[PDB]
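Here's the structure, in structure tokens; my notes come after.
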Amino acid sequence: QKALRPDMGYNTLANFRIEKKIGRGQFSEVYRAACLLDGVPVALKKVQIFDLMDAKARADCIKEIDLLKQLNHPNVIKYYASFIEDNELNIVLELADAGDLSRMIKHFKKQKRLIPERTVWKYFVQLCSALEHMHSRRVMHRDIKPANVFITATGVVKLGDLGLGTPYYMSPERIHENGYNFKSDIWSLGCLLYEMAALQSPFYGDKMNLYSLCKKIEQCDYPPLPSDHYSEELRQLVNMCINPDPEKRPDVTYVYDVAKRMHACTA
Ligand SMILES: CN(C)CCCNS(=O)(=O)c1cccc(Nc2nc(OCC3CCCCC3)c3[nH]cnc3n2)c1
């Protein structure tokens with residue numbers, strides 16, 4: 019406990035008491051922390067740009083989180099502040115109480131119980147409005163994975179803003210190094226919906242090889258879903274969002290539209 023300056027709000031580590039290390043970080047170190055000013059709890063990602071990032075990388079790296087600031091939407095986590103302290107770069111964002119979707123898929127795979135299509139839309143639909151908002155404002159969520167989709171005790175899904183520029202869901206464009214574009218978010222969004230209904234990524238196997246993995250991705254050879262429990266509309270939707278050719282994947286809005294229609298049907 020050091021001199022807490024209340025005039026800097028959430029812009030100093032001196033106004034937060036770190037509770038626990040709630041984050042898994044090869045590149046990060048998130049913490050469940052509590053503020054000493056208004057007591058609101060928050061998460062605190064401790065990025066290690068220190069020397070691991072060149073000045074040119076740092077500049078744009080901070081330029082993007084400033085854009086992350088430019089987004090308010092219930093289904094995406096909010097950016098409360100960011101600052102350099104200890105030469106680390108600390109980012110404080112909203113904490114989600116309940117837990118992680120990645121931590122829940124293994125939960126259902128643990129109980130050998132599938133996820134009914136009724137709920138898959140209950141969560142997916144929120145995740146599309148969220149992404150639609152980022153795409154609405156030309157923001158590109160660069161790492162959509164189950165380990166970045168958290169739910170609140172209420173049940174709202176908070177999308178986790180990360181970024182750059199093995200990732201969980203690799204893109205066809207990124208294998209060829211063609212470039213990450215808006216429809217590359219449609220890719221991971223597709224594979225994600227697949228993972229909720231199949232309890233595991235689309236392109237996988239006991240091999241664990243790196244070569245065969247993408248030769249499948251550009252080919253699009255994934256194990257079809259069980260039509261007994263998942264509608265044709267679902268199985269088809271994800272089949273479109275992972276078409277290797279980006280230009281043949283749907284706009285973010287269309288995915289949101291389809292997700293909306295069937296959320297009503299499935300309730
Ligand atoms: C096992 N359980 C019963 C223990 C109780 C558990 N309670 S808990 O303490 O509040 C708890 C535990 C875990 C998650 C969360 N919610 C959360 N976690 C984040 O970091 C996750 C990390 C960051 C990216 C890569 C890997 C995942 C967030 N980052 C931004 N917002 C976040 N919100 C809360």
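With the UniProt record's numbering as the guide, the letters of the sequence shown map in order to residues 19 to 183, 199 to 300. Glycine included, C-beta positions come from ideal geometry on N, C-alpha and C.
A straight line joining the alpha-carbon of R50 with that of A165 spans about 16 angstroms. In this structure, DSSP gives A114 a state outside helix and strand, which the three-state scheme calls coil. Distances between the C-beta of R35 and the heavy atoms of ligand 1 are all 7 angstroms or more. Rounded to whole angstroms, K281 and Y213 show a C-alpha spacing of 16 angstroms.
Between the beta-carbon of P92 and that of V174 there is about 6 angstroms, and that keeps the pair under the 8 angstroms contact cut. With contacts defined as CB atoms closer than 8 angstroms, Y263 and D179 fail to qualify as a contacting pair. Secondary structure note for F45: it is in no alpha helix (DSSP H), with a DSSP letter that is neither H nor E. Counting only the Cα atoms, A21 lies some 51 angstroms from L132. By DSSP's assignment, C79 forms no beta bridge with any residue. Residue side-chain check: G178 places its Cβ nearer than 7 angstroms to a non-hydrogen atom of ligand 1.
Under the Cβ criterion (8 angstroms, minimum of three pairs), the region 221 to 229 counts as touching the region 156 to 164. For the pair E103 and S234, the Cα-to-Cα distance works out to about 37 angstroms. In the DSSP assignment, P283 falls outside any beta strand (DSSP E), carrying neither H nor E.
Taking 8 angstroms as the cut-off, the Cβ atoms of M229 and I67 do not count as close.
With 16 or more other Cβ atoms from the protein chains shown falling within 10 Å of its own Cβ, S217 counts as buried. For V271, the enclosing alpha helix (DSSP H) stretches over residues 265 to 274. By the 16-neighbour rule on beta-carbons within 10 angstroms, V58 is exposed. Beta-bridge partners of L62 (DSSP): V110. Under the three-state reduction of DSSP, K240 is assigned to coil, being neither helix nor strand. A residue is called buried once 16 or more other Cβ atoms fall within 10 Å of its Cβ, and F142 is buried on that count.
Set against 7 angstroms, the gap from the CB of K87 to the closest heavy atom of ligand 1 is not smaller.
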